[PDB]
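Below: one structure, written as C-alpha cells.
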Amino acid sequence: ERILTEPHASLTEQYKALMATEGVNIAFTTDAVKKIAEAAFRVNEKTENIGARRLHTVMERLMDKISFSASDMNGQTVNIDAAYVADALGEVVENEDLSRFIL
Amino acid sequence: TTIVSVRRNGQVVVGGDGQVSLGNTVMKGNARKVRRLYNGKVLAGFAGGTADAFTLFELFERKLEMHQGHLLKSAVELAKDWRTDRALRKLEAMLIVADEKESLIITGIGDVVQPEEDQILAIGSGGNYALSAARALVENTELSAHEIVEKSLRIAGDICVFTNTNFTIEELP
Amino acid sequence: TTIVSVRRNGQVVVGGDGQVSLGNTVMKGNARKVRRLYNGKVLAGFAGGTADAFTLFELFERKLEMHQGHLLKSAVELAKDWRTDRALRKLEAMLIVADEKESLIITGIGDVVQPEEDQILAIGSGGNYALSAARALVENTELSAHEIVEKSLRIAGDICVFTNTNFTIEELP
Amino acid sequence: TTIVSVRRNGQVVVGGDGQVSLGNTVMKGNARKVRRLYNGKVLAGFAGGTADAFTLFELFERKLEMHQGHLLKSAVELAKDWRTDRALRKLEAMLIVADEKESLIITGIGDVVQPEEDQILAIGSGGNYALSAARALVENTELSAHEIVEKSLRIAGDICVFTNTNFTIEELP
Amino acid sequence: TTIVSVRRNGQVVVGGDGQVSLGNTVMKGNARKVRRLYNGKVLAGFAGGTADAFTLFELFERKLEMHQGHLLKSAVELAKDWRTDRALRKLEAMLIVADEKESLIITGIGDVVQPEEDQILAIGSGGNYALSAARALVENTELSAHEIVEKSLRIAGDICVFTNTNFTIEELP
Amino acid sequence: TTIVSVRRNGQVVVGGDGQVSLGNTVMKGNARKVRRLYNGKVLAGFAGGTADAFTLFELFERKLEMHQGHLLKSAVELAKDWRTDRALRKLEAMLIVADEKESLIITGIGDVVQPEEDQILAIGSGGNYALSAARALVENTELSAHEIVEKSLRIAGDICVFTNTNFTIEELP
Amino acid sequence: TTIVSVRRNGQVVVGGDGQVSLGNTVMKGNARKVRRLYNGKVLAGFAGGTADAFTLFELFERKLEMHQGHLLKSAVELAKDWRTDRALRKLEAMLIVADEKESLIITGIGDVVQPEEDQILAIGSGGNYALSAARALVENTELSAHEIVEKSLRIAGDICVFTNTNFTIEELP
Amino acid sequence: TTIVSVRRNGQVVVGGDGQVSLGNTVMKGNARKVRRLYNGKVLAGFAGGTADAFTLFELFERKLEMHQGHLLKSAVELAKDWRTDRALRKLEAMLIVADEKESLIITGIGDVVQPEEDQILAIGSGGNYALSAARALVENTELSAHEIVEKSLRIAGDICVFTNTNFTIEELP
Amino acid sequence: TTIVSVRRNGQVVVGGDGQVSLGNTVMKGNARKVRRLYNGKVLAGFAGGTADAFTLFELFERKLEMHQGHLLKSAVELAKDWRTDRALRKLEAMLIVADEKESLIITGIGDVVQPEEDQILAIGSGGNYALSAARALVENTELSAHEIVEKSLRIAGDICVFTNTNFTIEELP
Ligand SMILES: [Mg+2]
Ligand SMILES: [Mg+2]
Ligand SMILES: [Mg+2]
Ligand SMILES: [Mg+2]
Ligand SMILES: [Mg+2]
Ligand SMILES: [Mg+2]
Ligand SMILES: [Mg+2]
Ligand SMILES: [Mg+2]
C-alpha cells in the first residue's frame, strides 16, 4: 500500500501523469489502493512470489480499460475506488489445480 | 519402523518409534524419525533405509524452500523428478508430511498419495498395525489426535519386532 | 482370512470373514470359518481348508474327552500330536478355541498360546490387523465383546486383500 | 482347461472344452472332461489327468453310497480323504459335481465350495473367464442354462491358450 | 486394478476400479484411474506401477499437445520413442485411450494395439474378467456402453483381489 | 507366433498366424505379422517381442532405403551394427525377408542366415512345426509355394498354443 | 528366544525370555521357556515349539530312569535317538539341562555340549549375546548366579529383536 | 572382525582384532584395524571388505583435513556424498571414529550414528558379542575404558570364528 | 593354480604350477605363471582368470616403471586406483610380488598385504596346501628357500585337481 503512493514517482503517480497527458484526471481512493495491494500480496502468496513487481502486473490488469479509452474521454475525471477495482481485478487469479498428478 | 498421523479437531499429529535395527539385531532404540521442516511449520516422518530416508527427506526440504513452503505443490514437484527420462535413482524409503492444510505420504519411487476421509496415514513395517488401532480409535472415540497417535504407536510396537516404544510425537498447534 | 476372538464380561465371542481365495482370485465370499463344537459348548475358528479343519475339529472332540472338557488339556494335547503324527503335519492351518473359562490358539508348529490380560486372540493373514483394532477398542471403549469383534473384522477386511465383509460371528452362551 | 456349471430353472448344465496340452503344445483337442456318474444321476467334470479323475470319480461313487445320494455329504467326505490319504494327495485336479439339488467343487487342498445365489461354478485355467461371462449372462439375459454355458465356453476358450472349442456339454435331466 | 472400455451406439466409455494396494494390503480404495485429457476430449485409463502409470500417462499427454490431439498419430509417436537405439527406459504400466474416433491400448514397452471388432479393451490384473463379461454383454444384450462397463467392472471386482468396487466411469458424449 | 516361407517355381511366399498373446492369455487374434517393404517389392515377417519385432523390422527398412533395396547387402549392413564395440542393444525378435532373388532370416542379436536348398525358412515358437510340414510337402508334392505355406501354417497352429488360424499370406509375383 | 544358564556356588540358575514370534510379528510375550523336571530335581529350558519341547521333556524323563538320574548319561542318550528316530528329527529345538552336578545342551543335530570351567550355557537366537554378558560378569564380578542371569537376559533382549523382557528364572535348589 | 569403543572417566578407547580371513580360511592374524588420524588426535577402526574399509577410512581422512578436524562435521559431510543424485558407489564397510568429544560409527552407505548413553560402539561380525560384554562391564564394574575394551574383544573372539586374539588398542589420553 | 614364495637366508623364491584348465578339463599343462619384471629384478606370480591375471600383472609393471621400481610404493599406488570414486573395474586375479627387500600379494580388488614373519605367501586354489607344507618345512627344517618351494608345490599339486606338476621356479640371487 505504501509503495503504491509514498515513493517519488510511484505507480499511482505515474498513471495519474500518463492519463493527464490524454486530458483525463484520475484519482485513487485510499480503499482502492488497499485492494490493489491485497490482490498483489494475494497472488504472490498463492502462486509465484515475485515481490513488489506483482504491483506492476496488477496495476496493468487494472488500468487496462482507461489506458485504451483515455483519448476518447478528454476533459473527464475518473475516480478509481473500491468498486472500480473489484470489477477490474475480476475474481481469484486462475484455479489452483494440481491434483491432476496426485493418486 | 512405524509412523502414523492423525488429523482431527483442527490438530495435526505425526509420531513414530525409535528402534533402528540392523538385520535381526537392534542398534539404537532412541532415534527421532519425525522432525520439523520449513521454519518448523511442517511435520515429516520417514521410514525405510536409514540413508534413503534421510535423502528423501532432504530432497523434499529443498523443495519446500524453492516454493512458499506449499506442501502439495512441493510434493508434486519432487515426484515429477521421477516421472521423466532421466531415471532419477529410486530411494527405498517413504515420507509422511503434514501441516495446517494437508497430509500426504511420498515415496522414493515418485508418487504422492492423500488420505481417505479420516485423515490417517501410516508407513513402515508396523504401519498397518497402528493404522487399524487408529481407524478404530477415530470411529469410536473422542480421544485427541495426539492421544490416538501415542496409543496406536504403542499397539503397533507390541506386534512388530522392528518397532519399539521410544516414541517421538510432533503436533502442529 | 481373519478370525478374531474377544472375551469381555463372561462373554466370549469369535467371528471371521468368509473369503476363500485361489491365488489372487476370489473363489467364495460366503464361508463359515467358525463352528460350534462339543455339543455347542466349545466354539472354534479355523484359517485353512475346511476339510483340514474338520479333520482337526473332530480330533479335538476326542482329546476333549480323554480329559474333562478342559480346553487347555485337550489343546496342548492336539498340538503334541499335530506335530508328531506324520499325517497331521500334512494339514496346515491355524486354530482358535474358546468355551467359558479360556481362549487358545493351536498351531501345527509351535504350540498353544494363551491371551494376555486382555483376552483377545486373532489368526489369519489379517489377524494382526483385527488384533490391533480390538486391543485398542477394549482398552478405550465400553463396546460389547460382540460390537468389538464386529468392528475389528471390518477394519482388517479393509486392509487385507484376502479378507472380506461376510462375517460369521459365534457368540456364547 | 475350462469346466463351467450353470443351474437355471430346475436345469443343471455342465460343459467343458476338450484340449489336452503338454507344456505349450496341443496333444488332443477332442476330449471328454464331463462324465455321467451314479447311474446317470450325477454329472461331473474334471480338470486334470483323466486317470487321476477316474480314480476320484469311482471313489465318489463309494462315498455317495455311505450316505443317501447326498452330493454334499459325499463331497465333503471325499475332500476329507483326498487331503488325508497319502495316495490321494498324489492326484492333483479340480472337481465339479451337480445332480438335482446342488452344485459343488472339490479340491485336493482346501475343500468343498458351494455356489452363491447365482448357482454357477467354474474350474480350470480358463474357469474365471467362463465364470465372468456366465455371471453376466445369468444376470442380464433370459438365455437357457444350456445356451449360457455354451457361450461362456466360447468366450473363455478365446482368451485362454490352454482351452479350445470342442465342447462336451452334459445337461440334466 | 481393472480398466475396461466399450464403444457402441456412437458412445465411448472407459471406467476402472479404485483400489490401490501395496503388496497384499490395501492402501486406498478411492483412486481415480480414468481421467480426461486434451481439453477433456480424450479418455485415458491406466494400470500398473503407480509411478510408471502416471509417467506413461503424462508422456502421452505431451504428445496429444504436440499434434492436433490426434489419438492414433500421438500413440504412434510415443511408441516410436521405444523403437530406437536410445533405450528409453521401459515403464511397467499400460494405458487405454479413446475418443470419438478410435480406442487404443498403449504399453510402457512401446507398442500400440487396436480392438478387434466389438470395440472392447481391458487392462490390469482384473482385465480379462471384465473383458469376458463385456464380450458376453455385447454379443447378447442391448445394454448401453455405459451400462456394460459398470456391470463388467463390478464382476471383475468380485473375482480379482486387487480390484474393488469404487468405480470411476468416463464417457464421451 | 509362426512364420514360414517357401520358394518354388519362380514364386516366393511368406505367411504367418495372427495370435498375439500376453502370457497364457490371448489379446488379439487378427494381427498382421507379414508385411511388404520397399515399394512393396520385398516380403518381411516377424516374431518375438511385439515391440522388439517392430523395431527390428523398422531398422531393416531404413537399410533397404539407404541401398538400392538389395536384400543381401541390407541384411549384412544391419547385422554389422551388432558386430562393433558400441554394444547396439539386442532385440528379442527375428525376421524372415525375401524377394525375387533371395530369402533370409535376420535376428535381433546380429546375424544373417540363408536357407539350405529347398528354400524354406521358419521362425517363432511354432516355426519348426510348419517347417517339417513344409519340408515334407516340398519333397513329396507338386503343391504351389502358396499352398504349402497355408497348409503348414495351419498344421503348426494345431500344435502350438501361441499360434492361431488367422493367417496373412504374402507372395511376390 | 534366549535361554541362559549359570552355575556359581552350588547354585545352578536357568532363565529365559518369553517372546513367541510368527515371522516378524509378536504372538506372545509372557511365555514359560524353563520348566522343572524329574520331580523338581532337573530344571530344563527349551528354544522351540512348546509341544516339540514337551515331547522331548517327557522323553528325557524316561531316559533319566534307564540310568540313575545321571543327567549326562540320559542326555547323551536322548541325542542319540533324536537323530536316529525319524519322528524325533521332525522336532527342531535347542535344550538346556541342569540339576546339581552339571549343565548341558542337547541338539537335534550334533550332540551334547558341556560348559567350560566357567559353567555357563546359552541357546536361542540371542544366546550368544547373553553368553557374552555372563562370561564377562562371572569373570569380573561377585554378583549372584541369579543376579547374573537376570542381567544377561536384559542385555540380550535389548539386542535381539526376537527376545523380550518377561523372564522366567528357575533357580535350584 | 570385531571393533568396539568405550568412553568413560574422560578416556576414549577403540580396539579391534587382527584376523584377516579369505572365505573360511585365515590369511593373516596380525592386522591393525584401528589407527590414528589427523595428527594422531582421532581414533578410527574399520570393518568389512578389506579394500572397501580402507577407501572408507581414506575418504574420511580427506574430510577431517578439509575442516579443522571436527569429527561430527566431517562425518556429516562425508555422508552427504551419498545423499545426492550422483549415486556415489556404496562401500561394504563400516567405521568407528572418536576423539576427546564424540564417538560415531559411519557406514559405506551414507549415514552417521551416535552412541546411546553408555558411549559404546561396536561393528563387525563379532560386534554385538563385544557389545554385550561391554554393556555388562560398564553397568556393573569400575573397570577402566581400556580394560573393558580388551576384555570384551577377547570374549567376542572366543565366539566369532572371524575374530582372533591379536588386538590393537588405541586410546586418547 | 598354485603359487608360493619363501624368503630365507638372503634368498627369495617364487614358483608355481603349469596347469591351465577350462572348467573340469585341462587345456595346457606347461604354462609359466611366474615371471621376471623390471629388468628382471622383481619376481611376480599370478593366479585367477587367465585374462584378469595378465592385466593385473601388466598394470603393476607399468607402475614399477613410473617409479624407481620400488615394490612397496608401486603396490600402494596400483591399489590406490581402486580406492577412488571412479570404480576401476575389479579383476578376478591375484599377484605375488617380491625382490631383495619385500614380498607382497596384490589383489584385483585393490589391497596389498604383507607376510607375517616366516616370509611365506601363497595364492590360488592350491595355495593353502603349499602354504602348510611350507610353514611346516620352515619351522622344522634347514632346507633352502628354493627346496621348500619345489617340495610344497609338488605336495599342493597332489591335492588340488587344478594344480599340476609342471613347475616354474624363479629365485632372486
Ligand atoms: Mg517391538
Ligand atoms: Mg479385503
Ligand atoms: Mg484358446
Ligand atoms: Mg476385489
Ligand atoms: Mg493354436
Ligand atoms: Mg528385543
Ligand atoms: Mg575366533
Ligand atoms: Mg593335481
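Here's how to read the names in the C-alpha cells: chain A, B, ... by the order shown, residue numbers from 1 in each chain, ligand numbers from 1 in the order shown.
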
| message | Which residues are close to stretch 49-64 of chain B, i.e. within 7 Å by only C-alpha atoms, leaving aside same-chain residues fewer than 4 positions away? Reply as a ChimeraX atom specification. | response | /B:37-38,68-71,74,78,91-94,108 /H:83,109-111

| request: Return as JSON, numbers by chain every polymer residue, whether protein, DNA or RNA, with at least one atom no more than 7 Å from an atom of ligand 6; count only C-alpha atoms and all ligand atoms. | output: {"G": [157, 158, 159, 160, 161, 162, 163, 164]}

File of the preceding selection, C-alpha atoms, as a tab-separated table (two decimals), in the first residue's frame:
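Here's the written file part24.tsv:
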chain	number	residue	atom	x	y	z
G	157	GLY	CA	16.82	-58.98	24.88
G	158	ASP	CA	17.90	-55.44	24.03
G	159	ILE	CA	19.98	-56.56	21.03
G	160	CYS	CA	17.87	-59.43	19.69
G	161	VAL	CA	14.54	-58.44	18.11
G	162	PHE	CA	13.20	-61.94	18.81
G	163	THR	CA	13.73	-61.71	22.57
G	164	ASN	CA	11.85	-59.66	25.15

| message | At a cut-off of 10 Å, using only C-alpha atoms, what residues contact residue G:135? Leave out same-chain residues fewer than 2 positions from it and give the result as a list in words. | response |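 The filter keeps residues 6, 118, 119, 120, 121, 130, 131, 132, 133, 137, 138, 139, 140, 148 and 152 of chain G; 133, 136, 152 and 155 of chain H.
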
| field | All alpha helix (DSSP H) residues (DSSP, backbone) inside stretch 8-74 of chain D, as a list in words | value |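 Matching residues for alpha helix (DSSP H) in stretch 8-74 of chain D are residues 50, 51, 52, 53, 54, 55, 56, 57, 58, 59, 60, 61, 62, 63, 64, 65, 66, 71, 72, 73 and 74 of chain D.
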
Restrict the selected residues to N, CA, C and O atoms and save them as a CSV table (one decimal), in the first residue's frame.
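The resulting file, part09.csv, is shown below:
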chain,number,residue,atom,x,y,z
D,50,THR,N,-7.2,-87.6,-16.9
D,50,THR,CA,-8.4,-88.4,-16.9
D,50,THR,C,-8.2,-89.6,-15.9
D,50,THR,O,-9.1,-89.8,-15.1
D,51,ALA,N,-7.1,-90.2,-15.9
D,51,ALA,CA,-6.8,-91.3,-14.9
D,51,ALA,C,-7.0,-90.8,-13.5
D,51,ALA,O,-7.7,-91.4,-12.7
D,52,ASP,N,-6.3,-89.7,-13.2
D,52,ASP,CA,-6.5,-89.0,-11.9
D,52,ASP,C,-7.9,-88.9,-11.5
D,52,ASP,O,-8.4,-89.2,-10.4
D,53,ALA,N,-8.7,-88.4,-12.5
D,53,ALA,CA,-10.1,-88.2,-12.3
D,53,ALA,C,-10.9,-89.5,-12.1
D,53,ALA,O,-11.6,-89.7,-11.1
D,54,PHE,N,-10.7,-90.4,-13.1
D,54,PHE,CA,-11.4,-91.7,-13.0
D,54,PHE,C,-11.2,-92.3,-11.6
D,54,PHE,O,-12.1,-92.8,-10.9
D,55,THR,N,-9.9,-92.2,-11.1
D,55,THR,CA,-9.6,-92.7,-9.7
D,55,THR,C,-10.5,-92.0,-8.7
D,55,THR,O,-10.8,-92.6,-7.6
D,56,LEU,N,-10.8,-90.8,-8.9
D,56,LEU,CA,-11.6,-90.0,-7.9
D,56,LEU,C,-13.1,-90.1,-8.2
D,56,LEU,O,-13.9,-89.9,-7.3
D,57,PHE,N,-13.5,-90.4,-9.4
D,57,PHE,CA,-14.9,-90.5,-9.8
D,57,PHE,C,-15.5,-91.7,-9.2
D,57,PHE,O,-16.6,-91.7,-8.7
D,58,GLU,N,-14.7,-92.8,-9.3
D,58,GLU,CA,-15.1,-94.1,-8.8
D,58,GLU,C,-15.2,-94.0,-7.3
D,58,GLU,O,-16.1,-94.6,-6.7
D,59,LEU,N,-14.3,-93.3,-6.7
D,59,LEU,CA,-14.3,-93.1,-5.2
D,59,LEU,C,-15.4,-92.2,-4.7
D,59,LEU,O,-15.7,-92.2,-3.5
D,60,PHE,N,-16.0,-91.4,-5.6
D,60,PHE,CA,-17.1,-90.5,-5.2
D,60,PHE,C,-18.3,-91.3,-5.2
D,60,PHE,O,-19.3,-91.0,-4.6
D,61,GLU,N,-18.3,-92.4,-6.0
D,61,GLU,CA,-19.4,-93.3,-6.1
D,61,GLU,C,-19.6,-94.0,-4.8
D,61,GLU,O,-20.6,-94.1,-4.2
D,62,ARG,N,-18.4,-94.5,-4.3
D,62,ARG,CA,-18.4,-95.2,-3.0
D,62,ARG,C,-18.9,-94.3,-1.9
D,62,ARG,O,-19.8,-94.7,-1.1
D,63,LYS,N,-18.4,-93.1,-1.7
D,63,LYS,CA,-18.8,-92.2,-0.7
D,63,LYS,C,-20.3,-91.8,-0.9
D,63,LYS,O,-20.9,-91.4,0.1
D,64,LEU,N,-20.8,-91.8,-2.1
D,64,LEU,CA,-22.2,-91.5,-2.3
D,64,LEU,C,-23.1,-92.6,-1.9
D,64,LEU,O,-24.4,-92.4,-2.0
D,65,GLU,N,-22.6,-93.7,-1.5
D,65,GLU,CA,-23.3,-94.8,-1.0
D,65,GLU,C,-23.4,-94.8,0.5
D,65,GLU,O,-24.5,-95.1,1.1
D,66,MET,N,-22.3,-94.5,1.2
D,66,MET,CA,-22.2,-94.5,2.6
D,66,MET,C,-23.3,-93.5,3.1
D,66,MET,O,-23.9,-93.7,4.2
D,71,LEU,N,-25.2,-85.5,-2.4
D,71,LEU,CA,-24.0,-84.9,-3.1
D,71,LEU,C,-23.0,-84.3,-2.1
D,71,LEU,O,-21.8,-84.6,-2.1
D,72,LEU,N,-23.5,-83.3,-1.2
D,72,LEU,CA,-22.7,-82.6,-0.3
D,72,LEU,C,-22.0,-83.5,0.7
D,72,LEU,O,-20.8,-83.4,1.0
D,73,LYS,N,-22.8,-84.4,1.3
D,73,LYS,CA,-22.2,-85.4,2.3
D,73,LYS,C,-21.1,-86.2,1.7
D,73,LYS,O,-20.0,-86.3,2.2
D,74,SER,N,-21.4,-86.7,0.5
D,74,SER,CA,-20.4,-87.5,-0.2
D,74,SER,C,-19.2,-86.6,-0.6
D,74,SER,O,-18.0,-87.1,-0.5

| Could you pull out all residues of chain A with a DSSP call of strand (DSSP E or B) and give them as a ChimeraX atom specification? | /A:25-28,77-80

| query | Any idea what's packed within 12 Å of residue I:22, counting only C-alpha atoms, ignoring anything in its chain fewer than 3 positions away? Could you give it as an MDAnalysis selection string? | reply | chainID I and resid 1 19 25:29 48:50 162
